[PDB]
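Presented below is the structure to which this report refers.
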Amino acid sequence: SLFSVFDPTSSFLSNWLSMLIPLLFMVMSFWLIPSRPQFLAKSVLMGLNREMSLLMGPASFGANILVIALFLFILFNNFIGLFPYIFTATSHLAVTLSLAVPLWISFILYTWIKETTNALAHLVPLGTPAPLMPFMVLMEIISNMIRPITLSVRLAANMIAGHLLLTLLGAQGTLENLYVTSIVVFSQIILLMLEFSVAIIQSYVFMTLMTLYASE
Amino acid sequence: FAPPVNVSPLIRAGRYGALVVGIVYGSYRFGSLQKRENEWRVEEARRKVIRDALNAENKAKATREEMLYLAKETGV
Amino acid sequence: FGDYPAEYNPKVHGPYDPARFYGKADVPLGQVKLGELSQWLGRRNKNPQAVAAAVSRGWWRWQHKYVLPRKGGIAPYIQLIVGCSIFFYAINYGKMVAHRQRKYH
Amino acid sequence: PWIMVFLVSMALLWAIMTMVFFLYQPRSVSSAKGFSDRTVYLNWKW
Amino acid sequence: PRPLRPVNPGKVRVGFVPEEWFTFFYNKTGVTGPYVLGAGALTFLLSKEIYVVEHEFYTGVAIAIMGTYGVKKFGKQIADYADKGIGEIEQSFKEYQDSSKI
Amino acid sequence: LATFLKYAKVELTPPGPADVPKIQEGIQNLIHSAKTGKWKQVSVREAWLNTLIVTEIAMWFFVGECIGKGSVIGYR
Amino acid sequence: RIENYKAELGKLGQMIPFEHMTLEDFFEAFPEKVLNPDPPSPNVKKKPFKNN
């Protein structure tokens, strides 16, 4: 029924089991020389760790793994959720808000507690005039306040729109007419390649933005 | 693949016996439910006519009242 | 909590193979002659810790068969996708049945 | 059920964190070339 | 006994189905036994509409076509990249052992 | 796929007409297994399989029901 | 020193080969490991901690 993908109230075993899916798809290491999937997963993680270390800095020892785990959580829910009957956890705004709000609070509160006057000088972007200074302060306060909203919305609303556009094409895929079915399947192949790329891009966007907010 | 194996004769006899029973049961049930579907369509035609007449009258009167209310709101 | 199970003896069983059951040698369910199947079911305890141990042993057997070998393929990942899609269809059994195409069937 | 969603999501994010924490390849490339120069001969008397 | 690491994983027919499922029936139903069991199962699910052909069946079909095309096009390249890395690691460990002996 | 057609010819064919006295001797043996024993002496792997096989016979019955009713999805 | 070097050479000769080595036998033969009261990292490397 169009929106029936986004109904977690399914049965006695609800659709919240879509969050235990990343425990199944995480590589387990037994032998000393790794297998193909373990080596591929470790190579991707090492590559992203090297990319995020440039933006992090030396005073962010905990940000090596705290953003990588968030990247894998978002990536697995976005990627394995696009398979047909699997519920997509990050489509809902609750899960994305649950990921974005606590780390943003852990950035804002810790920066205010640790360096207060440095943050107040950081409000002025080093050259703006004093009459525009209160406006820049208000701009900085508002822009920091809508940071976790613009992460949760950008992940949840994008995943919802990405699966509703597939559901609209699926509902028009009649089985009696083979021509319409072949058009629907070909257009869904184009759309699903776009959705897989958008899924990985949006997880990388969240990792990059959490790293930038952690360092700043 | 592996060399072929002839199935057990009891398995083949039961499988094709179930196939034959399935064909005659499908023919019997389709013939049975065709009359039921025809009777359901017969009564649903009258039910559709009554529902269509009542709903169209109710929709037309509600549309007239709604257009009068919106003309009252707009002042035209 | 992480620790080896109490039946594991590194001086007897060699290195730790998590897919292996290190307890007393019970008859596997495949070769039970079904006249003693109720006795076999009563012999195995139904504790949630033992159930989670049997699930973990099975998951490590599957890891050892399809993932842990060096030149492993994408067959384990397709098995996970199909197994998750079937399970999530059985979860949403009502949500898909209530939008059927035919009536009698 | 936002409270249970929040608790399960954070427990899973911590579980993913401790899965990545043990995902590394211990490279034993500690070369023992230093022992080629650690030995010093006995000094004589001059 | 000590665990051993086989070079090749378990045998798989039709992309993901294990080969042990197909060879389990060979004592009784031959080679087309399991295949006709799966065919009868899929026909029965689509007959009694237990498996309802919804808007997600065509998503699953498009995923299956994309997955087959992507795997057949990039499986050799990705397996070669991974086995190159594993060989480099094993070569580095062997070089370490030889250097320690020297 | 030609070998699959060869196996279909070998294995998906109706049984021989001369094995009808034989299979009844098998069927009564199942009756001899329905009263005395020969089933509580069955390994669960074998028992699993015997059930599995039977499910295949019942699925052939539903295939035959699809043949008798024509279309696959429902009774049209 | 000769006795120590011969003992180390014999121990390395008697070690299980890395092809058949599980990740715990490697940590038994190389007891540096990675422990709870140890400098950590997601990539537990030779230089991800301190060095500042």
Side-chain angles (χ1 to χ4, degrees), chain A residues 21-50 68 71-72 75-76 79-80 83 196 200, chain C residues 17-19 59-84, chain D residues 16 19-29, chain E residues 3-19 66-94, chain G residues 17-26 42-44:
Chain A
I21 271 177
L23 301 189
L24 301 190
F25 290 84
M26 182 63 56
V27 280
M28 275 181 172
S29 49
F30 180 84
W31 298 103
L32 176 62
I33 32 174
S35 58
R36 298 176 172 175
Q38 178 189 344
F39 175 74
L40 285 161
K42 199 220 168 180
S43 303
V44 174
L45 289 192
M46 284 312 294
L48 300 162
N49 167 72
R50 291 161 191 164
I68 279 184
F71 173 79
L72 297 192
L75 176 64
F76 286 163
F79 192 83
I80 320 163
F83 299 135
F196 283 144
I200 306 180
Chain C
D17 190 10
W59 173 262
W60 271 95
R61 289 156 190 168
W62 179 87
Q63 286 275 351
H64 260 302
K65 193 168 180 291
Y66 293 87
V67 179
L68 294 180
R70 185 188 171 196
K71 298 192 174 186
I74 209 187
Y77 285 84
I78 306 173
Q79 283 190 3
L80 288 179
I81 295 161
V82 170
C84 288
Chain D
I16 288 187
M19 288 297 273
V20 178
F21 186 81
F22 276 67
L23 192 69
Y24 83 112
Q25 179 63 32
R27 283 194 179 187
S28 172
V29 211
Chain E
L4 286 175
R5 190 172 200 191
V7 193
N8 287 320
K11 292 190 173 182
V12 167
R13 302 192 189 179
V14 199
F16 59 95
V17 198
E19 192 148 327
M66 170 189 307
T68 45
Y69 180 77
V71 161
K72 287 183 173 182
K73 199 178 183 177
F74 296 92
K76 184 180 180 177
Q77 313 178 10
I78 291 180
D80 284 334
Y81 182 85
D83 265 337
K84 167 188 177 182
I86 306 311
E88 285 181 10
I89 291 179
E90 185 175 322
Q91 178 179 345
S92 66
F93 272 79
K94 186 182 179 181
Chain G
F18 302 113
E19 291 81 25
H20 320 318
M21 228 186 188
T22 83
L23 250 170
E24 282 199 350
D25 289 0
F26 175 76
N43 32 239
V44 205

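Every chain is numbered from 1 and lettered A, B, ... according to where its sequence line falls, protein lines coming before strand lines.
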Seminar exercise, completed: CZ of G:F18 to NZ of E:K94, rounded to nearest 0.5 Å, is 12.0 Å
Problem set entry | Atom pair CZ/OH of A:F25 and C:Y77 - distance to nearest 0.5 Å | 8.5 Å
For this session: Could you walk me through whether C:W62 and C:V67 pass side chain to side chain contact (heavy atoms under 4.5 Å, CB included), step by step?
Result: CA-CA 8 Å; C:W62 179 87; C:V67 179; 4.1 Å; yes
Problem set entry | Minimum-distance pair of heavy atoms, taken over all atoms of A:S35 and C:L68 | CB-O, 4.3 Å
Exercise. Among pairs that include at least one residue of residues 38-48 of chain A, which meet side-chain hydrogen bond (donor to acceptor under 3.5 Å, both in side chains), considering only residues two or more places apart or in two chains?
Worked result: none
For this session: Can you measure from CE (A:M28) to CH2 (C:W60) and round to the nearest 0.5 angstrom?
Result: 5.5 Å
For this session: Please state whether the rings of E:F93 and G:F26 are parallel, tilted or perpendicular, taking 30° and 60° as the class boundaries.
Result: perpendicular
Exercise. Rounded to the nearest 0.5 Å, how far apart are CD1 of C:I74 and CD1 of E:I78?
Worked result: 8.0 Å
Seminar exercise, completed: Contacts satisfying salt bridge (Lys or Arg N to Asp or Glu O under 4.0 Å) that involve residues 63-76 of chain C (not counting sequence neighbours) are C:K65-E:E20, C:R70-E:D83
For this session: State, with a plain yes or no, whether a side-chain heavy atom of D:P26 is found less than 4.5 Å away from one of A:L32.
Result: yes
For this session: For C:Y66 and E:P18, work out which heavy atoms get closest and say how close.
Result: OH-CB, 3.2 Å
For this session: Might you point out which heavy atoms bring C:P69 and C:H64 nearest each other, and give the distance in Å?
Result: CD-O, 3.2 Å
Exercise. With a 4.5 Å limit on heavy-atom distance, are the side chains of D:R27 and E:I89 in contact?
Worked result: yes
Problem set entry | A:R50/A:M46 under side chain to side chain contact (heavy atoms under 4.5 Å, CB included): CA gap, chis, key distance, verdict | CA-CA 6 Å; A:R50 291 161 191 164; A:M46 284 312 294; 4.1 Å; yes
Exercise. Closest heavy-atom contact between A:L45 and D:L23?
Worked result: CD1-CD2, 3.7 Å
Problem set entry | Shortest non-hydrogen contact between A:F71 and A:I200, atoms and distance | CE1-O, 4.4 Å
Problem set entry | Spacing of A:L23 atom CG and C:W59 atom CH2 [to the nearest 0.5 Å] | 9.5 Å
Exercise. What residue pairs, at least two apart or across chains, pass salt bridge (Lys or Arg N to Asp or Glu O under 4.0 Å) with a residue in residues 6-19 of chain E?
Worked result: E:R13-E:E19
Exercise. So, E:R5 side chain and A:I33 main chain: donor-acceptor pair closer than 3.5 Å or not?
Worked result: yes
Problem set entry | Close side-chain approach of A:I68 and G:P42, heavy atoms under 4.5 Å | no
Exercise. Is there a side-chain contact between A:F83 and C:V82 (heavy atoms, below 4.5 Å)?
Worked result: no
Problem set entry | Residues A:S29, G:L23; criterion side chain to side chain contact (heavy atoms under 4.5 Å, CB included); working and verdict | CA-CA 8 Å; A:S29 49; G:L23 250 170; 4.2 Å; yes
For this session: Would you give the length of the straight line joining atom SG of C:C84 to atom CD1 of A:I80, rounded to the nearest 0.5 angstrom?
Result: 7.5 Å
Seminar exercise, completed: On a heavy-atom basis, the closest approach of A:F30 and E:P3 is CZ-CG, 4.2 Å
Exercise. Do any N or O atoms from the side chain of G:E24 and from the backbone of A:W31 form a donor-acceptor pair under 3.5 angstrom?
Worked result: no
